[PDB]
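Keep in mind that the numbers below use all heavy atoms, side chains included, and drop hydrogens, waters and symmetry copies. All ligand and atom numbering here is 1-based and tracks the order in the structure. Chain naming here is simple, since letters A, B, ... match the order of the sequence lines and numbering starts at 1 in each.
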Amino acid sequence: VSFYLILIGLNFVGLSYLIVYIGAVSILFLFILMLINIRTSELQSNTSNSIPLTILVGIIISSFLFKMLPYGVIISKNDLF
Amino acid sequence: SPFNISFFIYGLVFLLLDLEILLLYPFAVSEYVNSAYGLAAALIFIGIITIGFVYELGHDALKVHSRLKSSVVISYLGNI
Amino acid sequence: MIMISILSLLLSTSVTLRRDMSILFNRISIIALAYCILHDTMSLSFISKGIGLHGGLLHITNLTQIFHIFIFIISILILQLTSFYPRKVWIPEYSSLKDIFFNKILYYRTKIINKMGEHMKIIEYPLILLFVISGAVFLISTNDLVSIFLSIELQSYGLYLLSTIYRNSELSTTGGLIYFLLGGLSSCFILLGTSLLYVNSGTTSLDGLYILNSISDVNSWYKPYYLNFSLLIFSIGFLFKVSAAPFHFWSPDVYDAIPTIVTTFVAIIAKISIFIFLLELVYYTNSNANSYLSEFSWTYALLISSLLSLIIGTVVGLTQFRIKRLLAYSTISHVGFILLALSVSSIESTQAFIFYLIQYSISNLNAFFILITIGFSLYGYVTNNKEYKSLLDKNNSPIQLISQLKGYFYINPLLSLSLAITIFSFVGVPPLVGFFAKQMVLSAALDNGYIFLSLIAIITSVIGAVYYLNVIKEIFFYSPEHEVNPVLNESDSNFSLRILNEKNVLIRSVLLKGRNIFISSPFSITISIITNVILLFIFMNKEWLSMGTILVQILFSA
Amino acid sequence: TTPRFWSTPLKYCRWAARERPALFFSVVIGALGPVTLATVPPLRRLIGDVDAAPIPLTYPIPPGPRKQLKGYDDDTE
Amino acid sequence: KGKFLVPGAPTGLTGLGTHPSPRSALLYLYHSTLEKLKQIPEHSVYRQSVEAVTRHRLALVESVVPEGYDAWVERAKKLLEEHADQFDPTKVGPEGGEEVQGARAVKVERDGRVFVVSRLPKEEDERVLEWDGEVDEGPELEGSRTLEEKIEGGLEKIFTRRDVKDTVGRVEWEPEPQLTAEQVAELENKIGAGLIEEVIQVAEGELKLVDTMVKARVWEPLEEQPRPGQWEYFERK
Amino acid sequence: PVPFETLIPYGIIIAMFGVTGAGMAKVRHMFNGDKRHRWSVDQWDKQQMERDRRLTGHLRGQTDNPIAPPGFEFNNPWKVXXXXX
Amino acid sequence: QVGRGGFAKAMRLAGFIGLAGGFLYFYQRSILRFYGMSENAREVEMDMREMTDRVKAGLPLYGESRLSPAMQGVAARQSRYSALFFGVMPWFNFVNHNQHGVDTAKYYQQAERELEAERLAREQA
Amino acid sequence: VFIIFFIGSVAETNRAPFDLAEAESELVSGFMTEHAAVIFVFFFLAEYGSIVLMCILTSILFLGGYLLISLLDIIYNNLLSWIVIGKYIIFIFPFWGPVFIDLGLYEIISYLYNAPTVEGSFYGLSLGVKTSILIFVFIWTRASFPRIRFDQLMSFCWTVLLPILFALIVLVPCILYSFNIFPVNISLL
Ligand SMILES: CCCCCCCCCCCCO[C@@H]1O[C@H](CO)[C@@H](O[C@H]2O[C@H](CO)[C@@H](O)[C@H](O)[C@H]2O)[C@H](O)[C@H]1O
Ligand SMILES: CCCCCCCCCCCCO[C@@H]1O[C@H](CO)[C@@H](O[C@H]2O[C@H](CO)[C@@H](O)[C@H](O)[C@H]2O)[C@H](O)[C@H]1O
Ligand SMILES: CCCCCCCCCCCCO[C@@H]1O[C@H](CO)[C@@H](O[C@H]2O[C@H](CO)[C@@H](O)[C@H](O)[C@H]2O)[C@H](O)[C@H]1O
Ligand SMILES: CCCCCCCCCCCCO[C@@H]1O[C@H](CO)[C@@H](O[C@H]2O[C@H](CO)[C@@H](O)[C@H](O)[C@H]2O)[C@H](O)[C@H]1O
């Protein structure tokens, strides 16, 4: 996402994301996660059950929120230049 | 084994101050237009984030610092 | 003045590590909040629907200042809980002006007054409340989307910190964790809603959005569908923060886990700021002209929330046995009445909305003070019940079960009638103040066509009255399981109290038993002022109701 | 041993300069900024060091009615 | 300036700090030592050796007297007499009380001599001292609690402790006058065993040995003879 | 005495920094039409070079003629993009 | 029931808050007469005199600002009616902008009528 | 600010005397396990290249960067007897009438000075000479001091250096305002 923004001209904020998230937030996340004892099987839930609810909520949110976005964001056979 | 809390404090105090200095870099590349009014606002912003820095200095949150006469006094009174 | 207070208090608590120095920092937080009341009180000499200040990012309104002062006083009353010791020792020998002003009493006060109790030791507790108050009084006066977001986070983040400040309780840290994780998801919803507003309107100013909605409301290429869709996501986050069903499962758990001192503040302050902010947003998003715009009115989510909150809050509370879980559900049934008055946007509904919010914030406060005072009262009592032995955090929440209140009428009769007068006000029985609040909300709804919801509301009010009576039956219909401590009155057990004078010379010595230990005056006086307001409102109603009639006369004026 | 600021203000300042130098002189330098704002600018206006006019950052349009020019017309082309 | 030794100032020996009252400590230890020697028979050379040496040092210690001692002792005699119950080990324990933030004294008798053992609250910075140093036992138990739990929580201590400021029935014990720094040096030049504080270290060692010398009865005949050829090595002839 | 052997590597580093600056100044010179390269270029400088291309064909080309040559009116470049905006 | 130095520390903090709240209240009491939210008959006369005395002296009515006309307009929008938000946020005007919400024709009109009065007196004698 | 930056730049590179944290790994390895930076030149070229890069950036910010103090300004001020005959007489006390060859040297020397290769060369030899001087000061620092414990370096950063820096963050823009010296932030230079 940082590169996507730099690529479209938003260098300061794209560099700000780099300095702030990758630089400092994810580092604090790495500290805590490499010191808390984590048994990787107690965090594992039966994901296969939630496929139908993934199917349902994916359609409903996508179908509604997309109409809300403005024309300029969804701007991307005669193609407009 | 328990992990030391100072690891958390290193990341947190960095995370906040690093966000704070980031908010000042626009001021340094906009000084001529900002002039006196911009300076005053930035001084106020610098002052607020400084007071929170003297709080961790005052409490050793970084836990970097913090690294005899006898009370028993006898008196002689003599024979009974 | 709230900002000068936080910085000065922060500097002082930053250079000290002494925990004995907390009671005095809470007293200054009460004096600090008194200067803020003197400043907002003097800022009420104008008529306006609003004045945009500080570049338009803030606004000031007559309704904005009144609520700023109400917030400051509700804050000064909760602060007393941490500014005065829970119990006091009083003797008629030291009760006059000459004594309380020029003489002094000396005794071993530590175990009587709980000097080193937990709530008397956190030094940052007066400061964290002052940062919550700051976010609340900013949310009231926000004129921009970013300002709303930055204010709601300032208030939300400080509520999480207050809920985790008892660091040595497994319950408190659990509750702060539930609050932050469900609160953070609520904030995404508030942020999503504002983002979709700016991305479709090009503006972050509320007045520009109000005018774009004003011009659309007329009975082709750019339908303004986003405003009602954006504000419906936006209100979902604010519905969670006020714990309206369906987004209510978090409040019973968080309110029961954190200490009772803390649940006074957290369970009052966030609703006052969130509900005042929503009222201005409902007034200017109204569709005067019946068009397709009003079919997707965002206010329908509040109508469904209110309907669901009336049912859930009164039905689920029937089987609660924990008093703080009971009171959490009772608050959900009261936001179902607040939410109906907000949803019907009429002159009568707004006046009834303003009354209901103030009086309910005042009465649920009495319900929290009475509970905390009863907990402190049992210091001279003992019990042999096997169930009370196994309770958790018996120091952070002394009263946890409704059965621990059995036969309190036998221990303290007027404290029991204060809790009766307050609970009957929640039921809505006349002549009590809470009747005159539900009367106004029902009359507003009936006058404007909400007959169906009114019948639902009066039905659930019967259901919700069932669990309120169970509390009353438990305090009065039975004999206590708590007996006086036998050692406190042993005839041989007395504590010596010395009366001195100005130049520290003994005036008298006195022998005192546990019969000479009472509740502290700040708690007793506060309880009696609010119980009396609930009981005597029918004789003192003109200034309170007239303030609301004038306030809604301006919001609707022109 | 170590003094107390509110009992002996001058005596604390000497101890802090000697015993907590980085901390003491931080508060000193921070105070010099507030002083330098208060002092030099009036003294500069006393010695006649006038602040430079601002540089233009937009087209400098002059005020008043248009001058009704005559010259450089289509016929001259 | 240097008329008196600062208590707890370093002596030059690491870990050994200047004694607050060196003369009375040494007197207390000697007399206490002489009292425990009566558990030992008269014909033991150990007791005679310890007795003679202890009395020899006891004489030189008593040879020096702090200035104002006669004046101070007369007041202290009366102050004990009229307020004996304040300083009684049977009333206020071996410690002079439990309020460690208040002054604590106790009258102790050894070998026909009277001593007061006053324990003084530690001098700490006001910027770090919470509640004037009153020990924190924890919060009071609150809520529904049993009779037994309240007792083990200390409730009966309400009717026993006192406010540290409550000083009406009590009188302040005034300390003994000290030797001068030059007087201490003269004490050292007589005893001839180094620093005064180092003499107290040896003197309180002689006090501890008597307990072991009595329990083992070192004056009794030889326990285990050397069986023949036990201490024989490789000597010629 | 001076231990020039230890000093030999430092001279190597100075020679490498010299070669980068030496060789980079010359490649840019030739790239820019045997004239010195532009540095802190803003939107104005870039558009000015675009109009230089319009008059001469080279972004660095310079001409002092008062009249623009025929066709100059239609060679104004309007850029077209597919995505960003 | 605090320790030895705790009340002296608190007295200092309560004292700063008192000087803080005390000055804000004093300033807010004076500035509401400017806003028209308090009886201000006295200050209307003192305002009319000074502002007219400035016009006839050729002075800028509200003084000269080292700030840009645009920074003067930002300053003015920040401080207009801001003493009304003192209980939450402190702000003060220290800029010489000319945006003060009032139609300044009256000061000029009264200067003109006062100049025409003095000129006749000089011509009379 | 420069000294703090150079000291901060040694600590940032993990270089000695600020390397005790990564130093203590070799002392607790034990009799069962070992390190992983073993056959890899990557973390060594990553390390040396970050030291060189922290030296070039330190020179960019506080030393001249590529700025050579030009002596061609000094010769202009001193010389005043310009001669069109190529004599190039100088109005100085050690001066005389030089015999510099116009056909051979002056024509050639003037052209080489303005060459794109020569001027670029001096700009990079300047930056190189300055980076190398700082590379010396890193190596000299490692050979001069013992190591600092991790808590002590943390105290240095958080209770000494950063307080001074935040004090200077206040003061510097305050002086630039007091002497009308805020630079323009448009593209000039
Ligand atoms: C403008 C730039 C300003 C920069 C900062 C200016 C100075 C402000 C910071 C210092 C303020 C005083 O804050 C003071 O800090 C010291 C050092 O941690 C603390 O020090 C004390 O407590 C800590 C924590 O138990 C102990 O490790 C330490 O041994 C003890 O002396 C004090 O409790 C605190 O009162
Ligand atoms: C137990 C409850 C007891 C009663 C509690 C409530 C009593 C206080 C209610 C006061 C508010 C209504 O009363 C009135 O409202 C209006 C509008 O807000 C305000 O009126 C104010 O503005 C006008 C308009 O310029 C000014 O001229 C007037 O001098 C000023 O008082 C005041 O606030 C108050 O005079
Ligand atoms: C239970 C309900 C809880 C409600 C909480 C909020 C209550 C708010 C009550 C205060 C309302 C305003 O109360 C008002 O205060 C200001 C304070 O200067 C004063 O009002 C006065 O202001 C200025 C002087 O400062 C005068 O020019 C003005 O004519 C006069 O009205 C009066 O005392 C009162 O009219
Ligand atoms: C503030 C502006 C900064 C501008 C310049 C930024 C340059 C950043 C370059 C980062 C390159 C990697 O950074 C560098 O990585 C290497 C390998 O992981 C580390 O080096 C590490 O491994 C080597 C062994 O191989 C050890 O001798 C060294 O002690 C250890 O720390 C350096 O400590 C680190 O500085």
**Student:** Counting only nitrogen or oxygen atoms and a 3.5 angstrom limit, does H:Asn14 reach ligand 4?
**Tutor:**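 Right, the criterion is met.
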
**Student:** Which ligand 1 atoms does B:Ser66 reach within 4.0 Å, using its non-hydrogen atoms?
**Tutor:**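 Checking each atom against B:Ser66, I get 27 (O).
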
**Student:** For ligand 1, which atoms sit closer than 4.0 Å to a heavy atom of D:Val27?
**Tutor:**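 Those qualifying, in numeric order: 6 (C), 7 (C).
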
**Student:** For ligand 4, find out whether one of its N or O atoms is nearer than 3.5 Å to an N or O atom of H:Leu53.
**Tutor:**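 No; the residue has no nitrogen or oxygen that sits under 3.5 Å from a nitrogen or oxygen of the ligand.
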
**Student:** Ignoring hydrogens, what is the shortest heavy-atom contact between C:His39 and G:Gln28? Give both atom names and the distance.
**Tutor:**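 Residues C:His39 and G:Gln28, closest heavy atoms: O-NE2, 2.7 Å.
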
**Student:** Of the backbone atoms (N, CA, C, O) and the side-chain heavy atoms from C-beta on, which set of D:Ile29 has a member under 4.0 Å from an atom of ligand 1: side chain, backbone, both, or neither?
**Tutor:**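 Within the 4.0 Å criterion, D:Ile29 makes no contact with ligand 1.
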
**Student:** Indicate, with yes or no, if the rings of G:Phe86 and G:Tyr25 have centres closer together than 6.0 Å.
**Tutor:**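 For G:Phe86 and G:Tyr25, the ring centres are not under 6.0 Å apart.
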
**Student:** B:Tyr25: what forms a side chain to side chain contact (heavy atoms under 4.5 Å, CB included) with it, not counting sequence neighbours?
**Tutor:**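 Applying side chain to side chain contact (heavy atoms under 4.5 Å, CB included) to B:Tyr25 gives B:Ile21.
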
**Student:** With heavy atoms of B:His65 as the reference, note each atom of ligand 1 found under 4.0 Å away.
**Tutor:**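 Answer, ordered by atom number: 27 (O).
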
**Student:** Which residues pass the salt bridge (charged side-chain N to carboxylate O under 4.0 Å, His left out) test with D:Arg14, sequence neighbours left out?
**Tutor:**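 Not a single residue meets the salt bridge (charged side-chain N to carboxylate O under 4.0 Å, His left out) criterion with D:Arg14.
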
**Student:** Which atoms of ligand 1 sit under 4.0 Å from any heavy atom of D:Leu23?
**Tutor:**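 Counting from 1, the qualifying ligand atoms are 7 (C).
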
**Student:** Between side-chain atoms of residues 152-160 of chain H and protein atoms elsewhere (two or more places apart, or another chain), which donor-acceptor pairs fall under 3.5 Å?
**Tutor:**
{"from": "H:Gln152", "atom 1": "OE1", "to": "H:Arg149", "atom 2": "N", "distance (Å)": "3.3"}
{"from": "H:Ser155", "atom 1": "OG", "to": "H:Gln152", "atom 2": "O", "distance (Å)": "2.8"}
{"from": "H:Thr159", "atom 1": "OG1", "to": "H:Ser155", "atom 2": "O", "distance (Å)": "2.8"}

**Student:** Just heavy atoms, cut-off under 4.0 Å: does H:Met54 contact ligand 4 by side chain, backbone, both, or neither?
**Tutor:**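 H:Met54 to ligand 4: side-chain contact only, backbone stays beyond 4.0 Å.
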
**Student:** Output the set of protein residues with a heavy-atom contact under 4.0 Å to ligand 2, ordered first by chain identifier and then by residue number.
**Tutor:**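 For ligand 2, the residues that come within the 4.0 Å heavy-atom cutoff are C:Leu44, C:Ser45, C:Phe46, C:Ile47, C:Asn62, C:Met540, C:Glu543, C:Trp544, C:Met547.
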
**Student:** Please classify the H:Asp19 to ligand 4 contact at 4.0 Å (heavy-atom distances, strictly less than): side chain, backbone, both or neither.
**Tutor:**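 Neither; no heavy atom under 4.0 Å.
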
